Student: 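Pasting a structure below so you can have a look.
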Amino acid sequence: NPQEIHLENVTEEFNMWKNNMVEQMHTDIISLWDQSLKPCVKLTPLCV
Amino acid sequence: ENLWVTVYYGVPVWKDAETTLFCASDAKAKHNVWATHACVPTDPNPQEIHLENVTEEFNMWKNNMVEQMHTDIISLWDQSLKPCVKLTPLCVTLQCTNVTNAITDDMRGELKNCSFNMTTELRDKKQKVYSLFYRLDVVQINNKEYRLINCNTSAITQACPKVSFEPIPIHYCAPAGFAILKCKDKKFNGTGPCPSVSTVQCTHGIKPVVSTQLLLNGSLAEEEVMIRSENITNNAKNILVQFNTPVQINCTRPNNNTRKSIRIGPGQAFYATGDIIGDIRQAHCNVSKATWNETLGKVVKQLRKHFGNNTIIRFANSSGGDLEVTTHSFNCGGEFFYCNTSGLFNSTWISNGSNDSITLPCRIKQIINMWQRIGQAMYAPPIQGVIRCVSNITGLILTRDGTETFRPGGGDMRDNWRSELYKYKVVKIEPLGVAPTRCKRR
Amino acid sequence: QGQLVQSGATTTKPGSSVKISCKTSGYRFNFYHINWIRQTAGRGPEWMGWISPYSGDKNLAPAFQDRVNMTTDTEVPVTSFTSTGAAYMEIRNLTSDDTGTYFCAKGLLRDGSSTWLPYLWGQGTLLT
Amino acid sequence: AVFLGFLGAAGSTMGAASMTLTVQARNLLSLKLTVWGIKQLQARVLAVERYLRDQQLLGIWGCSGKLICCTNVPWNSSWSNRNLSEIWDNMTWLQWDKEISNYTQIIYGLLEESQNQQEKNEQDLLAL
Amino acid sequence: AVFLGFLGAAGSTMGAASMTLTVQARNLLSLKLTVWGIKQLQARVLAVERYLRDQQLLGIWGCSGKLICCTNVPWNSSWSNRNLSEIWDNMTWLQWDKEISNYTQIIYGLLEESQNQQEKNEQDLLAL
Amino acid sequence: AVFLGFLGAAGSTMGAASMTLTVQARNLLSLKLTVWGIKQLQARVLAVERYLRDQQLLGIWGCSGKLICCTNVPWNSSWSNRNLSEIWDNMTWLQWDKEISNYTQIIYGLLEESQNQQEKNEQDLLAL
Ligand SMILES: *[C@@H]1O[C@H](CO)[C@@H](O[C@@H]2O[C@H](CO)[C@@H](O[C@@H]3O[C@H](CO[C@H]4O[C@H](CO)[C@@H](O)[C@H](O[C@H]5O[C@H](CO)[C@@H](O)[C@H](O)[C@@H]5O)[C@@H]4O)[C@@H](O)[C@H](O[C@H]4O[C@H](CO)[C@@H](O)[C@H](O)[C@@H]4O)[C@@H]3O)[C@H](O)[C@H]2NC(C)=O)[C@H](O)[C@H]1NC(C)=O
Ligand SMILES: *[C@@H]1O[C@H](CO)[C@@H](O[C@@H]2O[C@H](CO)[C@@H](O[C@@H]3O[C@H](CO[C@H]4O[C@H](CO)[C@@H](O)[C@H](O[C@H]5O[C@H](CO)[C@@H](O)[C@H](O)[C@@H]5O)[C@@H]4O)[C@@H](O)[C@H](O[C@H]4O[C@H](CO)[C@@H](O)[C@H](O)[C@@H]4O)[C@@H]3O)[C@H](O)[C@H]2NC(C)=O)[C@H](O)[C@H]1NC(C)=O
Ligand SMILES: *[C@@H]1O[C@H](CO)[C@@H](O[C@@H]2O[C@H](CO)[C@@H](O[C@@H]3O[C@H](CO[C@H]4O[C@H](CO)[C@@H](O)[C@H](O[C@H]5O[C@H](CO)[C@@H](O)[C@H](O)[C@@H]5O)[C@@H]4O)[C@@H](O)[C@H](O[C@H]4O[C@H](CO)[C@@H](O)[C@H](O)[C@@H]4O)[C@@H]3O)[C@H](O)[C@H]2NC(C)=O)[C@H](O)[C@H]1NC(C)=O
Ligand SMILES: COc1cnc(-c2csc(CN(C)CCCN(C)C)n2)c2[nH]cc(C(=O)C(=O)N3CCC([C@@H](C#N)c4ccccc4)CC3)c12
Ligand SMILES: *[C@@H]1O[C@H](CO)[C@@H](O[C@@H]2O[C@H](CO)[C@@H](O[C@@H]3O[C@H](CO)[C@@H](O)[C@H](O)[C@@H]3O)[C@H](O)[C@H]2NC(C)=O)[C@H](O)[C@H]1NC(C)=O
Ligand SMILES: *[C@@H]1O[C@H](CO)[C@@H](O[C@@H]2O[C@H](CO)[C@@H](O[C@@H]3O[C@H](CO)[C@@H](O)[C@H](O)[C@@H]3O)[C@H](O)[C@H]2NC(C)=O)[C@H](O)[C@H]1NC(C)=O
Ligand SMILES: *[C@@H]1O[C@H](CO)[C@@H](O[C@@H]2O[C@H](CO)[C@@H](O)[C@H](O)[C@H]2NC(C)=O)[C@H](O)[C@H]1NC(C)=O
Ligand SMILES: *[C@@H]1O[C@H](CO)[C@@H](O[C@@H]2O[C@H](CO)[C@@H](O)[C@H](O)[C@H]2NC(C)=O)[C@H](O)[C@H]1NC(C)=O
Ligand SMILES: *[C@@H]1O[C@H](CO)[C@@H](O[C@@H]2O[C@H](CO)[C@@H](O)[C@H](O)[C@H]2NC(C)=O)[C@H](O)[C@H]1NC(C)=O
Ligand SMILES: *[C@@H]1O[C@H](CO)[C@@H](O[C@@H]2O[C@H](CO)[C@@H](O)[C@H](O)[C@H]2NC(C)=O)[C@H](O)[C@H]1NC(C)=O
Ligand SMILES: *[C@@H]1O[C@H](CO)[C@@H](O)[C@H](O)[C@H]1NC(C)=O
Ligand SMILES: *[C@@H]1O[C@H](CO)[C@@H](O)[C@H](O)[C@H]1NC(C)=O
Ligand SMILES: *[C@@H]1O[C@H](CO)[C@@H](O)[C@H](O)[C@H]1NC(C)=O
Ligand SMILES: *[C@@H]1O[C@H](CO)[C@@H](O)[C@H](O)[C@H]1NC(C)=O
Ligand SMILES: *[C@@H]1O[C@H](CO)[C@@H](O)[C@H](O)[C@H]1NC(C)=O
Ligand SMILES: *[C@@H]1O[C@H](CO)[C@@H](O)[C@H](O)[C@H]1NC(C)=O
Ligand SMILES: *[C@@H]1O[C@H](CO)[C@@H](O)[C@H](O)[C@H]1NC(C)=O
Ligand SMILES: *[C@@H]1O[C@H](CO)[C@@H](O)[C@H](O)[C@H]1NC(C)=O
Ligand SMILES: *[C@@H]1O[C@H](CO)[C@@H](O)[C@H](O)[C@H]1NC(C)=O
Ligand SMILES: *[C@@H]1O[C@H](CO)[C@@H](O)[C@H](O)[C@H]1NC(C)=O
Ligand SMILES: *[C@@H]1O[C@H](CO)[C@@H](O)[C@H](O)[C@H]1NC(C)=O
Ligand SMILES: *[C@@H]1O[C@H](CO)[C@@H](O)[C@H](O)[C@H]1NC(C)=O
Ligand SMILES: *[C@@H]1O[C@H](CO)[C@@H](O)[C@H](O)[C@H]1NC(C)=O
């Protein structure tokens, strides 16, 4: 039940180009990839 | 008469305790090994509250801040050398000659022009590259064949050349509910009851400089020149003197080096020492003979207080040991100097220059071994250009032999942190206080 | 606890100026005043004056207003609550009528209405 | 006025320091896993734990949100036979805790059940 | 007396266990990242979270620092039609929670607004 | 009735939103070290820290467990010369904090010592 509460009479200022959620997601996704590729095979012998 | 228990919350009473101390630093933004960018910013108003009428007991030789800083600095290095290149292919047979003969007898061999076969980006194809290695980093085989000094004992890891070995002042802080107590006694010994005490949330700026024999870029005394040892009558306890005047030292490696990147594999690049532009000179340090003679006399006066006005004390050079402890080893702009100090501790003083300075012949290493565990060492990558740092000498690390003779040393890293954390002490607040009065509930 | 060892009981003659010492122990010397009391034979016991080992502020009776110099040196920390101090007493236009036993006594409390009250005394010193 | 700062009255008398309790009360509480990051996280969880252990004891005594709460547990003179004037106008909170340290656990139980029984009495009184 | 220990009265009657509340109240709350270190840190943050969720509900009901607080919410007999003697002198706190479990969320709201309105009434009464 | 939800009265008048305080009060607080695990642990320690800093200020003001507590600090009109009807029946809590923001630190000290002195007065009144 994804609760959404409407803020009547409220007017807020937004700025997607300074938003931090996009800066936090940008690094989380990169960390999720670094974490998943950590235990996998290092194909250094393929450089032949 | 009619007295009941009354609870008080927020009473000024503390007990000695050991806790985890976090780091504070000042805004500067590349990145240093000490990760001072990962510390909380220090308040531009370092609040100090004077504890009037308070007399606290201190004991720098049981202090835990020096034991915590000793391990933090080691962890900061382990963390920074973690993602850097493992130079295991460098442990290969080296064909070495002297680089550019005709200098001054046993000096052509102090640094060698070594060529060796090396892996490439393709595992099946080799490359014959060369590199300039110092003599202190190679050993013979018994022909002109050499190998790196570390190969039979320790793996090697070159520092990521983007990190900076420059010490940045660190502020150790106590968590909420704890306090740091500063002994504001200008003639404090390190132990015993300190009459003037103040409390601070964070310590002052403490540069994590790791030197030997000579304490560099440290804090100065305000009165006289103190001398600190736990059992001064014991000859096996290092004496940690601390000047009040800074005796300046000027160190330099005048060779204009070149860094030649060598790819040892996909992504891996070993930074070799290409060649030397210009003259092949000798690295050294200068210290004003006048100021060093004056400051060496102050230590003599303060040493008389523990051995008598009539006795004679003598300064001799190091009596042996590893290379890091027999020389004034330190870090200057990236390269690790190893300065002979026989010209600084060669003086006898009785019971009771002025123009030139005394120079210090310094050698240079690149494969510096670890100071704690064995089986680990670091390759300091070569620094391009001319290196010349100017620093203060604020203390020493001497050693008695049991008329008196004092020689320097001190391979222990925590002795450096005792020289800055002696005036600090960690306590925990216990704000609960019960006491009697003629007050009763309801 | 607390002790206040006093000086020697030597004697002089009128016109001179003697110094009396009072060495403290077992208590923080800075936390309590130091009083000087005189027990003459031809007069009732007289309070000469107290001085603060912490603030240096002195206060004496008008009978000793410009004739007595009270000084104390700083203490030496022994433990967190123990120190050692010393208090000094002098007389100016001195005669033989001030003969008697001289005592030093530290203050009673650190705050309140009986702060300086001579509580812990010394063994006394005989004079001329 | 004065305002000696955080712990500024640590050398002051117990009655003097008992007026600057808010000073120490407000300083009792105010993610990358690096060597500094793990260090700072430990400093954060430790502060909230120590702060809430004291607030827990303050709660099981009926002293929630009180800097000075009075109880109903009488003062057993075997804890300290000192008088009020020689405690609040003499000793400091540091040395007081030094001589009351043995009995601090005995008192913490007497206050704990005196509050458990008081709230049982208050429920009986409001049952009518 | 008795003192059954932590949870010692878990099998006792609700009226009997309601006298040993401090026993359970004080046990509700009392860095290397190894497999044991991460384990211990989780045990620490979990304990403070669970402790403060109960103190939060205890606060929005006007029961801060109370082991036994009385409210103004009347007992809807549809929750439990049992009498007082067959509850406090019969059931245990375990089986009581077993049959009142459905309505525990209904009651938690009635106590929450009864305190919000009471503090609004108290402000109106002190407005004169 | 109404029940606008969490922050539902953020655009409502200060007097209207002052009746839905429990709504925001209960939402202020409710181990593998992976990139998500470290993220969640930071969210947990941050919530308890922010919650207890407000409860700490609420304690050093004598407002423990109170949604609406009245103080003894008079309203310096230099903070806001607005009348009651043009505040509670006009402004919203958001814009009110916008114009009282400069003096929020001044007020936080006046409430802190007014509670320290009140509990000192209450102890003196129960001393007889
Ligand atoms: C650290 O520790 C030291 C030592 O323990 C503390 O110093 C002591 O403080 C207490 C309380 O503050 C003092 O007790 C008071 O004593 C005064 C007596 O002094 C008055 O008389 C002097 C001579 O007549 C006079 O010179 C003074 O006037 C000024 O001059 C001095 C010059 O140095 C100046 O320093 C003063 O501050 C004055 O400005 C002074 O008027 C006495 O008047 C007091 O009684 C009043 O207050 C008490 C409550 O405190 C009240 O109950 C009474 O009814 C009355 O109203 C009070 O007895 C003590 O004398 C100090 N010295 C000692 C003990 O040697 C210091 O406070 C500690 N500081 C901290 C931060 O912990
Ligand atoms: C675990 O669960 C068991 C079973 O439910 C509980 O045992 C019951 O406990 C309650 C309360 O403690 C008992 O109720 C009381 O009953 C007594 C009656 O016993 C008296 O009379 C006996 C015969 O005349 C006599 O022998 C007793 O005297 C001693 O001898 C026995 C020998 O075994 C000894 O065990 C006793 O302890 C005595 O020392 C005894 O005097 C009755 O007197 C009580 O009434 C008083 O108390 C109530 C309040 O409790 C008060 O309101 C009254 O006004 C009056 O003052 C009370 O009714 C019950 O009998 C027990 N047995 C059952 C129910 O079978 C046990 O307590 C639980 N323990 C825990 C830890 O949870
Ligand atoms: C968001 O922001 C808006 C705008 O600021 C807010 O809207 C305002 O709300 C306040 C309070 O709720 C209103 O003040 C009240 O005004 C009424 C007057 O309306 C009455 O008279 C109308 C014409 O005679 C009549 O039609 C109304 O009857 C119904 O019809 C309308 C049709 O749209 C319906 O919407 C209504 O809801 C009615 O059901 C209505 O009866 C007045 O009666 C009020 O006085 C009473 O209440 C006050 C306390 O509030 C009390 O003190 C008095 O004694 C009396 O008992 C009150 O003055 C205002 O009119 C609204 N409009 C504006 C300001 O333009 C809205 O509330 C905000 N919402 C949120 C969630 O923040
Ligand atoms: C150089 O010292 C090091 C060299 N290499 C590593 C290393 C390699 S790989 C690795 C990670 N490995 C995988 C995990 C742990 C190992 N496990 C496999 C068990 N860590 C080090 N790590 C901590 C070090 C120190 O702090 C230290 O001793 N200094 C550092 C500072 C100086 C110094 C300054 N200025 C100085 C040096 C010479 C003369 C004068 C001053 C003194 C010595 C350290
Ligand atoms: C270390 O030793 C190596 C040899 O193993 C030196 O490299 C060689 O240096 C010589 C002399 O400079 C080079 O020869 C020169 O070649 C240029 C280009 O054709 C020519 O114009 C000159 O007249 C001269 O013949 C040689 O190419 C070079 N070889 C390699 C592989 O680099 C190196 O210079 C020595 N370094 C130091 C610091 O002594
Ligand atoms: C003791 O402290 C002094 C002062 O902080 C240190 O001097 C600093 O030394 C570094 C490197 O030796 C200097 O960085 C260099 O700056 C020059 C000029 O921009 C640049 O060409 C180099 O590439 C390098 O970045 C730094 O400027 C210098 N600081 C000052 C104020 O002179 C000294 O190294 C310390 N010594 C020890 C042993 O810690
Ligand atoms: C690794 O090799 C070095 C180089 O020989 C060894 O260091 C020598 O040790 C002997 C003692 O056995 C000394 O006499 C030499 O002076 C050392 N050579 C130096 C300092 O250049 C080292 O012992 C070897 N390590 C191991 C574990 O065998
Ligand atoms: C070497 O010592 C001198 C003398 O103490 C240092 O110069 C002082 O530095 C402090 C710290 O910033 C200043 O507060 C003083 O005003 C400086 N005095 C003078 C006369 O310059 C100098 O910073 C030290 N150098 C190093 C590298 O530590
Ligand atoms: C060290 O050697 C390098 C070259 O190996 C010198 O770099 C030159 O600096 C001059 C400055 O006037 C430039 O005009 C050249 O273009 C540079 N050449 C290269 C290849 O970078 C450097 O100046 C030398 N350092 C010193 C102190 O003499
Ligand atoms: C170390 O080097 C510094 C700077 O290179 C010397 O300090 C200079 O001294 C001269 C004296 O004639 C002054 O004119 C300069 O202004 C100083 N420079 C700075 C940056 O302060 C210092 O004398 C040298 N010391 C030694 C022992 O060689
Ligand atoms: C380097 O020079 C020294 C001194 O002339 C000499 O003894 C040594 O054999 C030389 N080494 C090489 C590899 O030429
Ligand atoms: C590299 O390997 C070859 C063998 O193919 C050998 O002849 C040569 O001497 C090696 N080079 C060095 C510097 O050891
Ligand atoms: C250090 O100084 C204190 C000052 O009282 C003294 O008691 C202590 O004996 C000294 N210790 C040494 C080792 O000099
Ligand atoms: C210091 O060392 C001497 C001998 O070296 C010894 O007699 C003395 O007991 C030591 N002092 C302490 C405090 O251990
Ligand atoms: C100390 O000086 C003597 C004197 O010549 C010298 O032989 C010795 O090598 C020196 N030791 C060190 C470590 O410099
Ligand atoms: C240090 O220098 C002296 C003379 O300056 C010399 O005799 C000694 O051998 C040197 N020590 C080392 C280890 O080179
Ligand atoms: C008391 O004696 C000291 C001794 O140096 C002197 O300085 C001081 O002036 C004397 N006091 C008075 C009031 O003269
Ligand atoms: C004081 O406590 C002891 C045990 O600690 C107890 O035996 C004694 O009865 C108590 N006396 C008073 C007066 O509370
Ligand atoms: C506290 O107990 C210790 C136990 O050895 C004892 O030495 C000390 O005198 C006791 N203090 C008091 C105030 O009872
Ligand atoms: C009891 O609660 C029900 C809903 O749960 C409600 O309809 C009923 O009116 C309530 N009765 C009383 C007496 O509170
Ligand atoms: C609680 O709800 C469940 C839902 O199935 C029901 O079975 C149970 O009887 C209810 N208990 C009470 C006491 O209402
Ligand atoms: C209001 O505050 C100012 C300082 O902020 C102060 O000077 C003034 O006296 C105060 N007035 C009243 C009525 O509180
Ligand atoms: C708050 O301070 C700022 C500082 O520039 C000022 O511009 C603003 O007008 C002030 N607001 C009030 C309400 O005093």
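Chain letters run A, B, ... following the sequence lines, proteins first and then strands; every chain starts at 1. These numbers come from the heavy atoms of this one structure, side chains and all, not from hydrogens, waters or symmetry mates. Order of appearance sets the numbers: ligands from 1, and atoms from 1 within every ligand.
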Student: Suppose we call two aromatic rings close when their centres sit under 6.0 Å apart. Are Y32(C) and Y119(C) close by that rule?
Tutor: no

Student: Decide yes or no for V299(B) and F406(B): does some side-chain heavy atom of the first lie under 4.5 Å from some side-chain heavy atom of the second?
Tutor: no

Student: Is the ring centre of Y146(B) less than 6.0 Å from the ring centre of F133(B)?
Tutor: no

Student: Give the atoms of ligand 12, by number and element, whose distance to some non-hydrogen atom of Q95(B) is under 4.0 Å.
Tutor: 13 (C), 14 (O)

Student: Does the protein put a heavy atom less than 4.0 Å from atom 11 (N) of ligand 12?
Tutor: yes

Student: Please indicate, with yes or no, if any protein heavy atom is found under 4.0 Å from atom 53 (C) of ligand 1?
Tutor: yes

Student: Could any protein non-hydrogen atom be found less than 4.0 Å from atom 5 (O) of ligand 1?
Tutor: yes

Student: Considering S113(C), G112(C), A17(D), which one's heavy-atom position lies nearest to atom 46 (C) of ligand 1?
Tutor: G112(C)

Student: Set out, in order, the CA-CA distance, both residues' side-chain angles and the distance that settles disulfide bond (SG atoms under 2.5 Å apart) for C91(B) and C151(B), then state yes or no.
Tutor: CA-CA 6 Å; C91(B) 275; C151(B) 293; 2.0 Å; yes

Student: If you count the atoms of ligand 1 from 1 in the order shown, which ones are under 4.0 Å from a heavy atom of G11(D)?
Tutor: 72 (O)

Student: Please check if a non-hydrogen protein atom sits closer than 4.0 Å to atom 40 (C) of ligand 1.
Tutor: no

Student: With a cut-off of 4.0 Å, which atoms of ligand 15 are near a heavy atom of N340(B)?
Tutor: 14 (O)

Student: If we count only non-hydrogen protein atoms and require a distance under 4.0 Å, does atom 33 (O) of ligand 1 qualify as touching the protein?
Tutor: yes

Student: Using heavy atoms and a threshold below 4.0 Å, how should the contact between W50(C) and ligand 1 be classified: side chain, backbone, both, or neither?
Tutor: side chain

Student: Using a strict 4.0 Å cut-off to heavy atoms of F116(B), name the atoms of ligand 12 that fall inside it.
Tutor: 13 (C)

Student: Can you find a protein heavy atom under 4.0 Å from atom 50 (O) of ligand 1?
Tutor: yes

Student: Given that the side chain starts at C-beta and the backbone is N, CA, C, O, which of these parts of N346(B) lies under 4.0 Å from ligand 15, counting heavy atoms, or is it both or neither?
Tutor: neither

Student: Is the distance between the ring centroids of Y8(B) and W88(D) under 6.0 Å?
Tutor: yes

Student: Protein heavy atoms near atom 4 (C) of ligand 12, is at least one of them under 4.0 angstrom away?
Tutor: no

Student: Look up atom 21 (O) of ligand 1 and tell me if a protein heavy atom lies less than 4.0 Å from it?
Tutor: no

Student: Looking only at heavy atoms, is any part of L4(D) under 4.0 Å from ligand 1, and if so is it the side chain, the backbone, or both, or is it neither?
Tutor: side chain

Student: With heavy atoms under 4.0 Å as the rule, classify the contact between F31(C) and ligand 1 as side chain, backbone, both or neither.
Tutor: both

Student: Under 3.5 Å between some N or O of ligand 15 and some N or O of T326(B)?
Tutor: no

Student: Closest heavy-atom contact between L128(F) and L125(F)?
Tutor: CG-O, 3.4 Å

Student: Do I149(B) and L136(B) come within less than 4.5 Å of each other through their side chains, counting heavy atoms only?
Tutor: no

Student: If you measure from each non-hydrogen atom of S12(D) to ligand 1, which part falls under 4.0 Å: side chain, backbone, both or neither?
Tutor: both

Student: Any nitrogen or oxygen of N117(B), main chain or side chain, under 3.5 Å from a nitrogen or oxygen of ligand 12?
Tutor: yes

Student: Can you confirm whether some protein heavy atom lies under 4.0 Å from atom 56 (O) of ligand 1, or whether none does?
Tutor: no

Student: Give me the nearest non-hydrogen protein atom to atom 13 (C) of ligand 15 as residue plus atom name, then the distance to 0.1 Å.
Tutor: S318(B) O, 3.9 Å

Student: Under 6.0 Å from the CG atom of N346(B), do we count more than 12 heavy atoms belonging to anything else shown?
Tutor: no

Student: Does the protein put any heavy atom within less than 4.0 Å of atom 67 (O) of ligand 1?
Tutor: no

Student: It should be assessed whether the SG atoms of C251(B) and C285(B) lie less than 2.5 angstrom apart.
Tutor: yes

